[PDB]
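# Structure at a glance
Residues per chain, in single letters:
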Amino acid sequence: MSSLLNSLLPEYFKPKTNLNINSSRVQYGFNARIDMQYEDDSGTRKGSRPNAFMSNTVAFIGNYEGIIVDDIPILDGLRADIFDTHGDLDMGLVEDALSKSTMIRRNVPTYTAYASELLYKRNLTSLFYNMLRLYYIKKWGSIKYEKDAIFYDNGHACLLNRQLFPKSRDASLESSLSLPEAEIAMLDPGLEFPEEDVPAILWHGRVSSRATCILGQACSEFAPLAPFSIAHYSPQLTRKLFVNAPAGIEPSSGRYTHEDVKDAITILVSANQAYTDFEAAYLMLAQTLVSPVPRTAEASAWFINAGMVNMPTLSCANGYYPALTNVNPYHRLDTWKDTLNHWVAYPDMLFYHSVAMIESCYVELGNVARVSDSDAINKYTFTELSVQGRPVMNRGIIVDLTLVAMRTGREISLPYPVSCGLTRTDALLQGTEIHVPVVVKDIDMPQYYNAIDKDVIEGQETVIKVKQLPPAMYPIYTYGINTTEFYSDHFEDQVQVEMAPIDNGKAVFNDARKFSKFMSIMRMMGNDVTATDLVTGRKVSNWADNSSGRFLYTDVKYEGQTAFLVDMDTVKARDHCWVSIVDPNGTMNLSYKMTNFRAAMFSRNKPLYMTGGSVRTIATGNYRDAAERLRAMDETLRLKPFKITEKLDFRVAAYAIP
Amino acid sequence: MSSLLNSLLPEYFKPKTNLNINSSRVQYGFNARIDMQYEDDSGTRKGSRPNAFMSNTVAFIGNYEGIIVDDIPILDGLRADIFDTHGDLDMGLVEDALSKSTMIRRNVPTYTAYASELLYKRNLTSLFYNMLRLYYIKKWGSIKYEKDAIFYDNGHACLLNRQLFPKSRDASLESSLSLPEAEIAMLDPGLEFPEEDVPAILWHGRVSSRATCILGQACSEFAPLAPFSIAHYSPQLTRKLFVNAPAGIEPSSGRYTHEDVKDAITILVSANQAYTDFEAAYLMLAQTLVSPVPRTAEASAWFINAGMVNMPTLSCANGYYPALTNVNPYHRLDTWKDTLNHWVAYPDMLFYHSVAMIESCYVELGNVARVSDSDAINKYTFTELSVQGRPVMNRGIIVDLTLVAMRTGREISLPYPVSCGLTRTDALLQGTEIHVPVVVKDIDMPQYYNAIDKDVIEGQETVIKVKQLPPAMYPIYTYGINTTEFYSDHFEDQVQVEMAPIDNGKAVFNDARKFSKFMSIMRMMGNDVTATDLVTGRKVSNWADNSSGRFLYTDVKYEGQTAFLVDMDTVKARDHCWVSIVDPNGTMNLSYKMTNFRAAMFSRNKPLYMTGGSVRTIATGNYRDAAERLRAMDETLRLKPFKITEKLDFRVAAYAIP
Amino acid sequence: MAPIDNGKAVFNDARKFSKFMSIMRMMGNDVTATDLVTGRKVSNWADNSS
């Protein structure tokens, strides 16, 4: 769904057609200008940060596994006459439709019996999913995965790719997969009984020598060596695949270019009228394509256990009964060919749509994790209250699109309630502390991180405990579309806090909200302050994340209640503007303004520049030549948003109906 | 009748087409949120179970035996001209109709004489019944039956499959039957005198190679090895079967799929004009598709002796008189094709219609068994007063439909008073003791159950004496639509047990009604209560079921005087998500509230999900409006043009609609 | 208090700490609080008269 994911990008940013990705890691952000103004009891001070880079990091590494499941049928492309006055498939009219379009009327009773059983299981989403993955393996087939490389690196702790991904070796993306080929047989017209558990698809003219090899490899098993996002393990779709081609198919060549896969997809969709089936596969890949690099070491807990990708079962009966597919197809929405028309024009745009989607999900799960398990809307019952359709199960895409609705605060709508794709909320839905394996870089590691072994040596491999899941990403593209108090991602804001009395060289902050505001100010001024949690006896630091220049309360790494002892004597000066002061006095007022946003992308510690021309808009209106909006709002999936209502605690988040 | 069985299903239940059954046991039910409360002089203790599963276990096994009986003729199908004003065959118009036809002139006088006997032989219910069973045998053929498997187990008593079903070998449903084929001869139109005691049917065009194999096996003896419900014992319907098909009958293929049986049925109903015959066969199979696993150990008395199935004799004389069947048939009700049209569209919906019917019957036979013989509407005379027709004998479908009418509280209407199918009320009407076999687990069994021995070592085969039949199923689909105080299936309920501090926990229940509600609500709260009768000296436990989680008064297994001593310092916490009664003092007040309902099904201790399209309520009007429409768009290939439009680039072309 | 906290409560206010410790003694409960800054201990049972 192009028009949906295209809306998530910020109004100022309009990306160009091509993007030459040449690495397994891409930073994306913006260069903003901050105009700070400070006032306290001592006096006033005015400064200005001329260039500030706020960015996340996203990679092409994510452990996933495929399962074949049975899902709903997509009834789009079938002729409009077989459907009655309502949006329902009548078997009374299928008998009539097949009868009028043949001379041999002996086969009508047999044809109707088989058609009735097959039409209620038609889904080509799993075939297009694999065909799309083959396109990007050939295009970006020069990305290197080194086993003894770094995953996260702060200075105290470190995670290698040996950990998080065991049973892996060093390989390029083209060298990862060695796909076998399934038998692409020809369906001779005259066969009366459709062979069971084998799909048949239509084709335009002669099946090319290259087109055979693509369809053969798309249906086969995926068995990777290196952990890659677009080369994840998938079960075998089918053994055989019939093709009702008037001209006979040619034998498989063995080799194909990425350009040849586009020609295979464009023909397969046009012949079968499977435009809505492609839209499902497009959204399903937008989830998987890229995975987040964690903000802090604790945010690696999300990516330990392998998330399951629900691939629908491959079934189709267009090859057997080509009478059912004619020139007047049935569609629910009039904008039902937009997603394919967008991809075929601008293939590399999927990267930006993928980054936009996975950001929105992992940002909002930062809030859902902090919700107490004694309210109406909680981690267990947030999807069920949101959805207003009838899917098979609240899994895959339904979970992800619910989180996008909660982020943007708008009603998202799909034509069919499809439940296919990655489920992320697995690490969240379990009342157990997660054991992230880490490497010790400095001797003073146990003071900061909640480590098992309290005495360590540089080189030792230990384990750290994570109870509450912290935010994996900070808002960048979705910055200021709706501002929560937790992130505090405002354009303009006036922070007011009262400074605690400095007894010896230490200031006690008993309250939780005041402590968050204090360290948030001192960070924007650019003062590396270090405080001691009195309950646990572990040191917290506002400079936890360098990439995103902000302080979240989850950097304390202790759910519950505590009091902090801030060290006011050892306040280091890392980055100093003219605003920056060391000695606060009385009531601290900081008023900042953010202006002059401009998007910038970094890859392999150099600037990554966009190539090609400017993207012209392709989009169809609500009506072509349709008079009355026959609402048909019974079967269509609808996802209602939730607004965060702030309360006194500040540690707990709460959702309400707007 | 699809219509009346559809209304039995709950409001929240939204069924889909396909149901992938892969076992011989299904736990259908619903998930509800129970808000329990315990109020006392000391204070209130609140609990909340967010997902409480109330289930009824249903199996695919059950001993049945078919017998060929004489039943009324179904006159729906014959041309409307030969019928008089009253609605009976006016012989004289038959002789007129045969004379003005395409019949051989020398046969008219001899055939007209036979008409008086042969035209009143119209009942195809037996053939359609067997052909429907062949459809489901080949569809769900992979289900297994093990000999030494657990039929029932409640901890104390165990009942194996060897006990109830001797002469039983372990085998799959597909490998159970080995059906021999009956002769399908071609009717010679130039036959001198019609052969009575040999049925002759009509057919459209040519009898296919697979249709011969299906009709051959349908009119044959069912001799099963494993006691399956859809493969029970049936006698040989007929030896030979004539088929008036001018196009010759092809010889038997040998093999056929489940889709080929649907092809055979749709041709047979259409040619013979026998829709009311199919409606009778649909309701017959709805009774005897699935049998309920007994709720308690002593509720196995219903399934000891084999209940007889009444199959009406196969008799059809359409082959001899082709002229009398045409396109203008005589029918009583206008909605006479609705039952077939429903089955062809949604075959797997019969499973839901079957469980709805047996749950309605076995619930009502529960509270019919607890009435004294000295009454107006009693055990023996509950069918006679309800029935306002003229059936041959009050058996089969009449006894099952009258029990459904009592449950729902509505008027059930059928077009013909047909008396065919299973008779359930067999063990009830006998009014004698039934001896169910049991294998013991513990050594302290015969205190609880009314056993034949008083001391029994573990692993011994004993006998339980059941006098009054307890309810076999708890109401789940019919929950709080026609509520009785016996089952106590309310949304809101409360009980007030009155105790004084002078009593050291010990309470005596003089009333029987509130004893039942106390013991039931304590089990929702997850507390194992063990009462002891003061008069007799037996013991009862509220934990006497692992499906519903309720206490019915028939679990006492004795009718006498009510003096139940419950000691409230021996209450043990058994389940999870439970409220604790540590030490009560004064008057106790228990209460619960069920708020929302969600349909759930379980199989092999895993969730069984419904897949496929959205099932609609098919009406007679929804198809015949498309017949009124006719697709009246004159079938004329009108090709509309597209004017090319030039813009800035001129290299690429752009087409407009006008 | 929230369920995420495993029984442990921090009294930032001095006024309601006094009323909590006092009413718990009427109810016959021996509470022993510990100050986080200094590291001393206080017990509500510090009298046998009032």
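What counts and how
Residues numbered from 1 in each chain as written, not as in the entry; some residues may be left out. Chains lettered and ligands numbered in written order. Part of a larger assembly, values for the part shown. Heavy atoms only, no water. Residues with missing side-chain atoms left out of burial classes, pairs and counts. Helix = DSSP H or I, 4+ residues; strand = E, 2+ residues; numbered from the N terminus. Rg over C-alpha atoms; globule rule 2.2 N^0.38 Å. Contact = heavy atoms within 4.5 Å. Pairing = 2+ DSSP bridges. Axes fitted to C-alpha atoms, helices over the stretch in contact; angles between N-to-C directions. Expected span 1.5 Å × (residues − 1).

Per the deposited record, determination of this structure is attributed to cryo-EM, with the resolution reported as 10 Å.

With that settled, consider the overall build of chain A. Helix and strand counts for chain A come out as 14 helices and 29 strands. By the compact-globule yardstick of 26 Å for 658 residues, chain A fits well, its C-alpha radius of gyration being 28 Å. Of all intrachain contacts in chain A linking residues separated by at least 6 positions in sequence, the fraction that spans at least 24 positions is 82%.

What follows is about the overall build of chain C. Helix and strand counts for chain C come out as 1 helix and 2 strands. Along the chain direction, N to C, the helices and strands of chain C fall in the order α-β-β. Taken over the C-alpha atoms alone, chain C extends approximately 35 × 25 × 20 Å along its principal axes.

Bringing the sheet that holds strand β26 (residues 564-567) of chain B into the picture now. All names here are of chain B. If you trace the 4 strands from one edge of the open sheet to the other, you get β22-β26-β24-β25, paired in antiparallel fashion. Looking at the sheet topology across the chains shown, the edges are occupied by β22 (506-509) and β25 (539-541). For this sheet the average axis-to-axis angle between neighbouring strands, irrespective of direction, equals 30°. Sheet topology note: the β22/β26 ladder contains 4 bridges and is antiparallel. By the bridge assignment, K506 is partnered in β26 with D567.

So, on to the pairing of strand β8 (residues 157-160) of chain A. All names here are of chain A. Where strand β7 (residues 150-153) lies against β8, 3 bridges are found, and the strand directions are antiparallel. Residue pairing for β8: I150 is matched across the bridge by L160. Examined bridge by bridge, β8 and strand β16 (residues 434-440) share 2 bridges and lie antiparallel to one another. Opposite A157, over in β16, you have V440 as the bridge partner.

The smallest C-alpha distance separating chain A from chain C is 5 Å, and no contact links them. One finds no contact between chain B and chain C; the C-alpha atoms of the two approach each other to within 14 Å at their closest.

A few words on unusual backbone geometry. Residue and element names in this part refer to chain A. Look at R604: it is not a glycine, yet its phi comes out positive at around 65°. Mapped onto the fold, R604 is located in the loop between β26 (599-602) and β27 (637-639). A positive phi is found at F650, a non-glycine position, where the angle reads about 80°. On the secondary structure map, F650 appears in the loop between β28 (643-644) and β29 (655-656).

Next up on the list: the sheet that holds β16(A). Residue and element names in this part refer to chain A. In space, the 4 strands of this open sheet follow the order β7-β8-β16-β17, with antiparallel pairing throughout. Each edge of the open sheet carries a strand with a single partner, namely β7 and β17 (461-466). For this sheet the average axis-to-axis angle between neighbouring strands, irrespective of direction, equals 45°.

What follows covers helix α14 (residues 512-525) of chain A. Here α14(A) is 14 residues long and its end C-alpha atoms lie 21 Å apart, about the 20 Å a rise of 1.5 Å per residue gives. Positive backbone phi, at 100°, marks A:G526, one or two positions downstream of α14(A).

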